[PDB]
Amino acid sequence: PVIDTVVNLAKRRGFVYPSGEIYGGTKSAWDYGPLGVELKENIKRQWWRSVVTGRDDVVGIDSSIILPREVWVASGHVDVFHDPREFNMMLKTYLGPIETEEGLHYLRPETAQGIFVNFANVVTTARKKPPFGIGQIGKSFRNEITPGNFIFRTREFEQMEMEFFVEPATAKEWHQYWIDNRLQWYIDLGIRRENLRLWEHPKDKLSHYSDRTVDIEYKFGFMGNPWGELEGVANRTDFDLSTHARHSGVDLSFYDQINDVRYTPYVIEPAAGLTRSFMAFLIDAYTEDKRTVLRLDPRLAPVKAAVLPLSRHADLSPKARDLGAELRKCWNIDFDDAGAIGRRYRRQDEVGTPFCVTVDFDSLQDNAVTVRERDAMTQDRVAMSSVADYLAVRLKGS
């Protein structure tokens, strides 16, 4: 089972820790350790660049976890978000002094509703016109009945969701665009294409408001069926703005000044999972070749380079430490002088570090270092003054 092996590596090296481990934990709750917080941040950076700020037609928001309760009546979650005896899967809390119906709030089960209710605000302040999107990354909460499979299905998780508002007659081509774009995003960041597939929902598996839904599925390797949903890309017609306009009383239609027409945009929704993606990138990268290597895209790898003096000899520290401080101004780096150099390469390979930089006794005469590439183990001798440039060309886009 690749999955358990990857989970064990993730714990051993501090990608993750069980939350509250010393108190026995809480079911499905995982903390991100020193390497995990950096990998998670890198995934966020790549999504935000590809979907939001790298585009001229998508803007971002960060809306609150706790919204007014009526948001979740309008969205239908109060009446429908239940799994059987029906049990509602939203987490409740109480705000203010007394516990009353007025104080009752839900923690959001998805980030998307905070986008929809801000549609008119964003049109106004960002001066946007369909086709355009609003993207968001954040925490969501669900009282999952059977959480587990590591971080695949947890009660507290993070999503990366974008709502793309379009003229209704253009929705089918924009849906296809976003299906194609989102699938390719995973492949471009290194997931092997044979471990990804698309699942076109049959008509009898569509929501009442979706004209089409396609899931990107990843071959996680679960027992039984090894595939799982990674990201859902839905054509949500005009249901979301319509329902919030009806329940709130605020017009959420769009006025097209050029063609003087008013309409309610259709929505194409790429709904991805930050913590679920983290799991897929780790599993897919895990390789046993003997070598254990985490073949992470260099833009995702948590540590970009490790500075490794050949030994603890005092003559090598000045250079090695000076080099580490220079590189640390640019990237997250590691410094390690403990034990045999070959074992130190293997320690970095195991967590995906794309380059190791070795300072040896020849470095004291030629003022150069050896740079080792993780996967092929090529070793180039590089002038000290050129190491950062050498790394930068190979880490571009991080």
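In case it trips you up, residue 1 is the first one in the sequence shown, and so on.
Going from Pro84 to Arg85, the model skips 10 or more deposited residues, which lack coordinates. The modelled chain breaks between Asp289 and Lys290, where 10 or more residues of the deposited sequence lack coordinates. According to the PDB record, 328 to 336 carries the higher mean C-alpha B-factor of the two stretches 54 to 62 and 328 to 336. For the pair 262 to 270 and 310 to 318, the mean B factor over Cα atoms is greater in 310 to 318.
As recorded in the PDB entry, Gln365 shows the highest C-alpha B-factor of the residues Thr358, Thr353, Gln365, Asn42. Between the residues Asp188, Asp204, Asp284, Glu156, the entry's highest C-alpha temperature factor is the one at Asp204.
Split the chain's modelled residues into thirds by C-alpha temperature factor. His208 is in the highest one. Per-chain ranking of the deposited C-alpha B factor places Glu373 in the middle third. Among the modelled residues of its chain, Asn235 has a C-alpha B-factor that falls in the lowest third according to the deposited record. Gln257: CA B factor in the highest third of modelled residues in this chain (values from the PDB entry). In the PDB entry, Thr243 places in the middle third of its chain by CA B-factor.
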